[PDB]
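Report on the structure given below.
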Amino acid sequence: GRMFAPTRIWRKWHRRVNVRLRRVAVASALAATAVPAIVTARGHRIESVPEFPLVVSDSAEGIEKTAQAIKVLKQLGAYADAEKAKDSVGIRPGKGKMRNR
Amino acid sequence: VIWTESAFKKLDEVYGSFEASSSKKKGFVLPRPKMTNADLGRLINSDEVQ
Amino acid sequence: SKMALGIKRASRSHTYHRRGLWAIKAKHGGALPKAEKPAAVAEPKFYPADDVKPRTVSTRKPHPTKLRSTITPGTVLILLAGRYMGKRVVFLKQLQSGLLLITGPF
Amino acid sequence: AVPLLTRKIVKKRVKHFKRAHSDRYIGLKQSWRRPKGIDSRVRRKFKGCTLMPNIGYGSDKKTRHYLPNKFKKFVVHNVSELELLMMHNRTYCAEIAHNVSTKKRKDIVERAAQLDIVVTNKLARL
Amino acid sequence: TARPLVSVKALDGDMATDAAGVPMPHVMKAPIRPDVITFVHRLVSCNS
Amino acid sequence: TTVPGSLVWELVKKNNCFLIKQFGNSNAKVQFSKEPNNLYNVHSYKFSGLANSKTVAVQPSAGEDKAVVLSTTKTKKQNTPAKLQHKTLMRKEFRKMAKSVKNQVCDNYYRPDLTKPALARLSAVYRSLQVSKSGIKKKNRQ
Amino acid sequence: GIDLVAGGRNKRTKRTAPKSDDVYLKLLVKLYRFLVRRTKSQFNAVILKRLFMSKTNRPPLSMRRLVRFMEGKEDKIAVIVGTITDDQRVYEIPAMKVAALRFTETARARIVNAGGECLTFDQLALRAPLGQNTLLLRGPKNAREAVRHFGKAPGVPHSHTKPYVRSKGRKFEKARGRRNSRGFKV
RNA sequence: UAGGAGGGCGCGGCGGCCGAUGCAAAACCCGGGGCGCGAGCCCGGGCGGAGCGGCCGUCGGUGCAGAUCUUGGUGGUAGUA
RNA sequence: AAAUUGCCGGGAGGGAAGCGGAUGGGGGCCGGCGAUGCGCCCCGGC
Ligand SMILES: [Mg+2]
Ligand SMILES: [Mg+2]
Ligand SMILES: [Mg+2]
Ligand SMILES: [Mg+2]
Ligand SMILES: [Mg+2]
Ligand SMILES: [Mg+2]
Ligand SMILES: [Mg+2]
Ligand SMILES: [Mg+2]
Ligand SMILES: [Mg+2]
Ligand SMILES: [Mg+2]
């Protein structure tokens with residue numbers, strides 16, 4: 001038989017947020033990026049980084065290679081956090097591993 | 001976040017300050033908090049309250 | 001006399017007599033003594049994480065057990081239990097813990 | 001290794017609250033469902049019928065969730081999660097998760113040995 | 001009239017320059033609002 | 001803590017990377033915090049190693065015998081993560097290290113809070129170092 | 001058995017805490033729980049419970065109405081648990097010290113440019129821990145559009161209640177029941 | 001009871017965090033031990049042979065004993081008519 | 001997996017059985033099922 005209340009494509013997929021409320025939330029998010037306790041608590045390994053906010057010179061701009069990028073992260077205290085990301089990669093449990101995720 | 005020096009200096013351009021029409025954005029001013037200093041330690045243990 | 005004794009005990013005058021604050025007014029001249037502050041150990045071997053609470057050497061002084069009025073020395077007792085159940089014995093005296101000292105005689 | 005609890009654990013009921021009539025049907029599960037029937041004599045609480053759970057049966061808040069060991073349990077998956085019980089060893093007992101392998105369990109047991117942490121499935125998978 | 005200067009972190013191969021810290025942007029001092037974040041994060045995320 | 005600690009506690013109280021919470025949101029909930037500068041590993045603002053500028057750490061060192069590491073952060077270096085922490089390696093005797101912990105946790109008014117917890121964590125950390133080396137001797141059930 | 005209604009238990013409801021999980025308003029509440037607890041300022045008790053209030057129970061106050069209420073009392077601090085909105089219909093505003101949860105941008109500029117102060121409630125507790133020399137003000141609660149529709153029904157005698165109608169014009173809710181020529185006049 | 005609300009439990013995805021697993025994952029089985037007033041949950045033993053779980057936010061084709069319910073399988077009737 | 005069935009071992013039965021509270025008898029299972037340590041001390045070494 002057919003399902004109860006068959007799903008339709010005219011569900012409300014996309015929801016609108018005020019232009020100003022979007023900007024307010026971005027402002028709050030930016031501020032929190034400058035607080036070491038919150039960047040720690042959200043799971044980033046920031047323990048050899050010199051200063052927050054972490055500003056690096058413009059010479060980084062011109063780099064080219066993933067190997068070049070690796071040195072830059074090492075000269076900061078940033079490569080450890082990139083380590084955790086690469087080491088944590090695994091296959092997604094559940095149905096998503098066959099839904100192109 | 002790792003900021004480049006090129007980018008960290010544009011932030012004040014992009015978001016401006018507590019002043020009207022300072023942002024690159026139009027019709028926007030940075031939000032002000034409900035509590036100027038959030039230190040309950042300082043307020044509760046100030047001379048005025050004690 | 002249970003209540004009569006109780007009334008006597010809580011009398012403000014008589015508790016002063018009982019405790020003996022006189023004759024402690026004697027030693028240390030015209031005053032009642034002071035004290036000091038023990039526990040200056042400065043040598044914890046361990047540090048417990050539970051909020052510690054130390055060993056009790058109780059100051060409470062339980063009253064001695066009463067002897068039944070008809071248990072008077074020389075009286076013959078019957079044992080009601082134990083391996084000598086039914087045996088008739090002689091009552092000698094009450095002991096310090098309250099237990100009765102008896103003899104067969106053997 | 002010596003538990004802090006200095007108060008006997010009283011249970012007001014040890015039997016479970018089985019579902020009414022789950023003894024009469026097979027496809028009925030024994031998990032508790034409250035009867036909503038209009039004539040249900042279980043719902044109306046006649047004497048001689050199966051009992052319904054109340055808040056009145058609730059166990060003393062002091063000795064709640066303590067195992068007969070007189071420790072409260074916390075399931076660990078690795079040595080790091082074990083080391084969180086270092087300062088709670090007289091209230092909390094560790095227990096290795098059911099899907100922790102034999103190799104990993106030997107490590108947790110070795111490490112729990114030094115920190116003096118009560119472990120309630122120390123012999124499993126060996 | 002004062003705001004701290006954020007130290008810029010040099011990198012190997014750079015020419016040593018008489019540079020100084022960038023003053024802290026005003027936005028990096030904005031109120032922290034986690035209720036607003038999760039509200040906006042929910043609604044924005046569903047637009048893809 | 002570039003913002004106040006009272007504010008930070010508000011943000012990280014209900015969710016953060018160190019809080020391991022088990023057994024639901026009912027009266028069965030058990031929750032611990034595995035951050036290294038929390039002395040009892042308790043998720044509270046008193047013991048929080050996140051929502052305090054002044055925190056104490058008492059850890060057994062890496063592979064090495066009888067070395068206790070004591071760390072205290074610096075109030076004015078909050079925005080310099082690398083050199084926020086002042087750590088000290090002590091391989092002296094217990095009663096002598098009990099003095100060092102008091103000197104840096106209590107007598108300077110750093111965190112008179114954590115006088116008892118720091119010493120108790122030293123007692124537990126130090127004993128774990130003996131047993132690691134000497135091996136298990138006692139069972140401690142008495 | 002004891003003869004009581006609902007076991008003698010309270011059936012009314014009041015907000016014992018605010019609804020918003022806004023971190024700064026949560027911090028302000030901790031301050032005023034302490035202040036009511038230790039200082040026993042009756043002013044402090046009012047401020048606390050008004051902090052536990054919904055947006056409709058804390059209506060905005062215009063600067064025109066605030067300027068009227070402050071007139072002659074410019075040695076005191078105006079206190080509003082709510083929002084101060086700017087009013088273009090006013091010209092004279094005295095230098096005045098106002099504490100509120102929010103100021104609109106135009107309002108705050110108008111107050112400051114007069115030589116006043118836009119205080120927060122944390123700043124108020126520094127400068128008045130017991131609410132001394134304060135003017136505690138509310139805004140008009142029954143001024144909302146929704147309030148017009150409240151009360152006796154639109155079609156009963158002596159009621160001037162606004163009806164819920166989708167449009168205005170002659171074809172919408174005018175004929176039978178609104179004039180003598182069509183049936184009756186309400 | 002009809003009815004209303006609050007706080008929880010459970011199922012499947014998504015964004016994040018924290019983890020288990022060929023030194024044996026899921027599912028299933030048990031006169032195994034426990035926790036919770038309860039929804040449920042944790043562990044033991046076995047079977048199996050490659051995946052899985054907890055927490056925060058968020059979302060839904062999300063919880064069965066009934067409907068002469070739908071489909072499949074199975075009894076007693078009965079070694080009977 | 002369940003319904004349902006066979007075999008082996010165990011248990012009970014005078015026109016139903018199952019069920020709720022009690023406990024008694026059998027089983028079956030539980031060693032964090034239940035401790036042997038801490039303080040003074042005398043050496044004899046670390
Ligand atoms: Mg009826
Ligand atoms: Mg009329
Ligand atoms: Mg679906
Ligand atoms: Mg459905
Ligand atoms: Mg069914
Ligand atoms: Mg039904
Ligand atoms: Mg079967
Ligand atoms: Mg048989
Ligand atoms: Mg029976
Ligand atoms: Mg029995």
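If you're wondering about the labels, chains in the structure tokens are A, B, ... by order shown, residues count from 1 in each chain, ligands from 1 in order shown.
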
### Message
ligand 1: which residues are within 8 Å, counting only C-alpha atoms (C1' of nucleotides) and all ligand atoms? Reply as a PyMOL selection string.
### Response
(chain D and resi 38-39) or (chain H and resi 1)

May I have the residues from that selection written out with N, CA and C atoms (P, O5', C5', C4', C3', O3' and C1' of nucleotides), as a PDB file, in the first residue's frame?
```
ATOM      1  N   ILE D  38     -10.579   0.698  30.207  1.00  0.00           N
ATOM      2  CA  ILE D  38     -11.636   1.299  31.008  1.00  0.00           C
ATOM      3  C   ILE D  38     -12.030   0.390  32.167  1.00  0.00           C
ATOM      4  N   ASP D  39     -12.082  -0.918  31.939  1.00  0.00           N
ATOM      5  CA  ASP D  39     -12.465  -1.871  32.971  1.00  0.00           C
ATOM      6  C   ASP D  39     -11.275  -2.568  33.598  1.00  0.00           C
TER       7      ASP D  39
ATOM      8  P     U H   1      -6.793   8.792  35.323  1.00  0.00           P
ATOM      9  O5'   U H   1      -8.198   8.380  34.712  1.00  0.00           O
ATOM     10  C5'   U H   1      -8.471   7.047  34.308  1.00  0.00           C
ATOM     11  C4'   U H   1      -9.798   6.945  33.595  1.00  0.00           C
ATOM     12  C3'   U H   1      -9.969   7.863  32.393  1.00  0.00           C
ATOM     13  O3'   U H   1      -9.492   7.245  31.208  1.00  0.00           O
ATOM     14  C1'   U H   1     -11.880   8.013  33.822  1.00  0.00           C
TER      15        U H   1
END
```

Counting only C-alpha atoms (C1' of nucleotides) and all ligand atoms, what are the residues, protein, DNA or RNA alike, that approach ligand 10 to within 10 Å? I want them as a PDB file with C-alpha atoms (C1' of nucleotides), in the first residue's frame.
```pdb
ATOM      1  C1'   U I  23       7.718 -18.116  53.591  1.00  0.00           C
ATOM      2  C1'   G I  24       9.626 -23.303  53.340  1.00  0.00           C
ATOM      3  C1'   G I  25      12.063 -27.151  50.462  1.00  0.00           C
TER       4        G I  25
END
```

### Message
Set the distance at 9 Å and use only C-alpha atoms (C1' of nucleotides): which residues neighbour residue 35 (chain G) once local chain neighbours fewer than 4 positions away are removed? I'd like the list as a PyMOL selection string.
### Response
(chain B and resi 44+49) or (chain G and resi 30-31+39-41+44-45+125+129-130)

### Query
What is the CA of residue 34 (chain G) to CA of residue 55 (chain F) distance in Å?
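Interatomic distance, CA of residue 34 (chain G) to CA of residue 55 (chain F): 25.4 Å.
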
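Counting only C-alpha atoms (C1' of nucleotides), residue 15 (chain A) has the following residues at most 8 Å away, ignoring those fewer than 6 positions along the same chain: residues 43, 44, 46 and 47 of chain E.
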
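Neighbouring residues of residue 29 (chain H) at 12 Å or closer, counting only C-alpha atoms (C1' of nucleotides) and skipping chain neighbours under 2 positions away, are residues 27, 45, 46, 47 and 48 of chain H; 1 of chain I.
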
Can those selected residues be exported to a file as a PDB file, in the first residue's frame so that it contains C-alpha atoms (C1' of nucleotides)?
```pdb
ATOM      1  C1'   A H  27      22.336  -9.386  15.618  1.00  0.00           C
ATOM      2  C1'   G H  45      28.854 -16.545  29.336  1.00  0.00           C
ATOM      3  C1'   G H  46      27.815 -18.477  24.334  1.00  0.00           C
ATOM      4  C1'   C H  47      27.003 -17.998  18.946  1.00  0.00           C
ATOM      5  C1'   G H  48      28.751 -15.045  14.947  1.00  0.00           C
TER       6        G H  48
ATOM      7  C1'   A I   1      14.585 -15.095  16.355  1.00  0.00           C
TER       8        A I   1
END
```

### Spatial neighbours of residue 2 (chain E), max dist 12 Å, only C-alpha atoms (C1' of nucleotides), sep filter under 3 positions, as number ranges by chain
E: 5, 23-24

Keeping only N, CA, C and O atoms, write the selected residues to a file as a short mmCIF file (atom, residue, chain, number, x, y, z; two decimals), in the first residue's frame.
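And here is the file that came out, result-v4.cif:
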```cif
data_model
loop_
_atom_site.label_atom_id
_atom_site.label_comp_id
_atom_site.auth_asym_id
_atom_site.auth_seq_id
_atom_site.Cartn_x
_atom_site.Cartn_y
_atom_site.Cartn_z
N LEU E 5 47.85 45.15 21.24
CA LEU E 5 48.36 44.84 19.91
C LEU E 5 48.63 43.35 19.82
O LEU E 5 49.37 42.80 20.64
N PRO E 23 46.39 46.13 16.35
CA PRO E 23 45.40 46.34 17.41
C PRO E 23 44.23 45.39 17.27
O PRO E 23 43.85 45.00 16.16
N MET E 24 43.65 45.02 18.40
CA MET E 24 42.58 44.04 18.41
C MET E 24 41.35 44.60 17.71
O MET E 24 40.92 45.71 18.03
#
```

Let me have all residues with an atom within 7 Å of ligand 2, counting only C-alpha atoms (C1' of nucleotides) and all ligand atoms, laid out as a CSV table (one decimal) with N, CA and C atoms, in the first residue's frame.
```
chain,number,residue,atom,x,y,z
G,157,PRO,N,-23.2,44.2,23.8
G,157,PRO,CA,-23.4,45.6,24.1
G,157,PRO,C,-22.3,46.1,25.0
G,185,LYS,N,-28.1,47.1,15.6
G,185,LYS,CA,-26.9,47.8,15.8
G,185,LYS,C,-26.2,47.2,17.0
G,186,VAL,N,-25.5,46.1,16.8
G,186,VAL,CA,-24.8,45.3,17.8
G,186,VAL,C,-25.6,45.0,19.1
```

### Task
Return as a ChimeraX atom specification the full set of residues in chain B whose backbone-based DSSP assignment is alpha helix (DSSP H).
/B:5-8,11-15,40-44

Saved selection, atoms kept: N, CA, C and O atoms, as a PDB file, in the first residue's frame:
```
ATOM      1  N   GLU B   5      48.236  38.070   8.433  1.00  0.00           N
ATOM      2  CA  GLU B   5      48.345  39.493   8.742  1.00  0.00           C
ATOM      3  C   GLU B   5      47.579  40.335   7.729  1.00  0.00           C
ATOM      4  O   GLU B   5      47.066  41.408   8.062  1.00  0.00           O
ATOM      5  N   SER B   6      47.500  39.869   6.486  1.00  0.00           N
ATOM      6  CA  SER B   6      46.692  40.549   5.482  1.00  0.00           C
ATOM      7  C   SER B   6      45.225  40.561   5.867  1.00  0.00           C
ATOM      8  O   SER B   6      44.514  41.537   5.603  1.00  0.00           O
ATOM      9  N   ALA B   7      44.748  39.467   6.466  1.00  0.00           N
ATOM     10  CA  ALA B   7      43.332  39.295   6.762  1.00  0.00           C
ATOM     11  C   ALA B   7      42.960  39.872   8.115  1.00  0.00           C
ATOM     12  O   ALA B   7      41.873  40.431   8.271  1.00  0.00           O
ATOM     13  N   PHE B   8      43.833  39.725   9.108  1.00  0.00           N
ATOM     14  CA  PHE B   8      43.518  40.216  10.444  1.00  0.00           C
ATOM     15  C   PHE B   8      43.343  41.726  10.464  1.00  0.00           C
ATOM     16  O   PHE B   8      42.617  42.255  11.310  1.00  0.00           O
ATOM     17  N   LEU B  11      39.674  42.975   9.325  1.00  0.00           N
ATOM     18  CA  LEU B  11      38.507  42.712  10.159  1.00  0.00           C
ATOM     19  C   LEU B  11      37.809  44.002  10.573  1.00  0.00           C
ATOM     20  O   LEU B  11      36.583  44.110  10.487  1.00  0.00           O
ATOM     21  N   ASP B  12      38.574  44.996  11.020  1.00  0.00           N
ATOM     22  CA  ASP B  12      37.960  46.256  11.423  1.00  0.00           C
ATOM     23  C   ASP B  12      37.266  46.933  10.250  1.00  0.00           C
ATOM     24  O   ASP B  12      36.267  47.635  10.432  1.00  0.00           O
ATOM     25  N   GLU B  13      37.781  46.740   9.039  1.00  0.00           N
ATOM     26  CA  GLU B  13      37.075  47.214   7.857  1.00  0.00           C
ATOM     27  C   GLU B  13      35.748  46.489   7.667  1.00  0.00           C
ATOM     28  O   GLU B  13      34.734  47.114   7.345  1.00  0.00           O
ATOM     29  N   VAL B  14      35.730  45.171   7.870  1.00  0.00           N
ATOM     30  CA  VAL B  14      34.549  44.390   7.526  1.00  0.00           C
ATOM     31  C   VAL B  14      33.436  44.598   8.539  1.00  0.00           C
ATOM     32  O   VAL B  14      32.275  44.780   8.164  1.00  0.00           O
ATOM     33  N   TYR B  15      33.755  44.588   9.831  1.00  0.00           N
ATOM     34  CA  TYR B  15      32.717  44.645  10.851  1.00  0.00           C
ATOM     35  C   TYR B  15      32.617  45.982  11.563  1.00  0.00           C
ATOM     36  O   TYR B  15      31.600  46.232  12.209  1.00  0.00           O
ATOM     37  N   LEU B  40      31.270  38.346  37.758  1.00  0.00           N
ATOM     38  CA  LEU B  40      30.505  38.323  38.994  1.00  0.00           C
ATOM     39  C   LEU B  40      31.415  38.397  40.204  1.00  0.00           C
ATOM     40  O   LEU B  40      30.993  38.856  41.267  1.00  0.00           O
ATOM     41  N   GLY B  41      32.656  37.941  40.068  1.00  0.00           N
ATOM     42  CA  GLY B  41      33.603  38.115  41.151  1.00  0.00           C
ATOM     43  C   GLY B  41      33.819  39.576  41.490  1.00  0.00           C
ATOM     44  O   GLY B  41      33.736  39.973  42.653  1.00  0.00           O
ATOM     45  N   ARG B  42      34.058  40.404  40.473  1.00  0.00           N
ATOM     46  CA  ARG B  42      34.396  41.794  40.743  1.00  0.00           C
ATOM     47  C   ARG B  42      33.191  42.548  41.285  1.00  0.00           C
ATOM     48  O   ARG B  42      33.309  43.321  42.241  1.00  0.00           O
ATOM     49  N   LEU B  43      32.018  42.338  40.685  1.00  0.00           N
ATOM     50  CA  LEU B  43      30.820  43.037  41.142  1.00  0.00           C
ATOM     51  C   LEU B  43      30.391  42.581  42.528  1.00  0.00           C
ATOM     52  O   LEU B  43      30.069  43.408  43.379  1.00  0.00           O
ATOM     53  N   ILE B  44      30.366  41.272  42.775  1.00  0.00           N
ATOM     54  CA  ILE B  44      29.850  40.799  44.057  1.00  0.00           C
ATOM     55  C   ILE B  44      30.788  41.180  45.194  1.00  0.00           C
ATOM     56  O   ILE B  44      30.343  41.426  46.319  1.00  0.00           O
TER      57      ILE B  44
END
```

Closest atom pairs, residues of chain H within 9 Å of chain F, only C-alpha atoms (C1' of nucleotides), as JSON lines:
```
{"residue": "H:7", "atom": "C1'", "partner": "F:26", "partner_atom": "CA", "distance": 8.9}
{"residue": "H:8", "atom": "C1'", "partner": "F:26", "partner_atom": "CA", "distance": 6.3}
{"residue": "H:17", "atom": "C1'", "partner": "F:17", "partner_atom": "CA", "distance": 5.6}
{"residue": "H:18", "atom": "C1'", "partner": "F:17", "partner_atom": "CA", "distance": 7.0}
{"residue": "H:35", "atom": "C1'", "partner": "F:28", "partner_atom": "CA", "distance": 8.8}
{"residue": "H:36", "atom": "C1'", "partner": "F:28", "partner_atom": "CA", "distance": 7.5}
{"residue": "H:41", "atom": "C1'", "partner": "F:23", "partner_atom": "CA", "distance": 7.6}
{"residue": "H:54", "atom": "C1'", "partner": "F:22", "partner_atom": "CA", "distance": 7.4}
{"residue": "H:55", "atom": "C1'", "partner": "F:21", "partner_atom": "CA", "distance": 6.3}
{"residue": "H:56", "atom": "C1'", "partner": "F:15", "partner_atom": "CA", "distance": 5.5}
```

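Once region 61-68 of chain C and its same-chain neighbours fewer than 4 positions away are set aside, residues 57, 72, 73, 93, 94, 95, 96, 97, 98, 99 and 100 of chain C remain within 12 Å of it when counting only C-alpha atoms (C1' of nucleotides).
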
Considering only C-alpha atoms, give me a table of residues in chain B that are at most 8 Å from chain A, with the closest atom pair and distance in Å for each, as CSV.
```
residue,atom,partner,partner_atom,distance
B:1,CA,A:33,CA,6.6
B:2,CA,A:54,CA,5.3
B:3,CA,A:55,CA,4.6
B:4,CA,A:56,CA,5.0
B:5,CA,A:57,CA,5.1
B:6,CA,A:58,CA,5.9
B:8,CA,A:55,CA,7.0
B:28,CA,A:20,CA,7.1
B:30,CA,A:24,CA,7.2
B:31,CA,A:24,CA,6.5
```
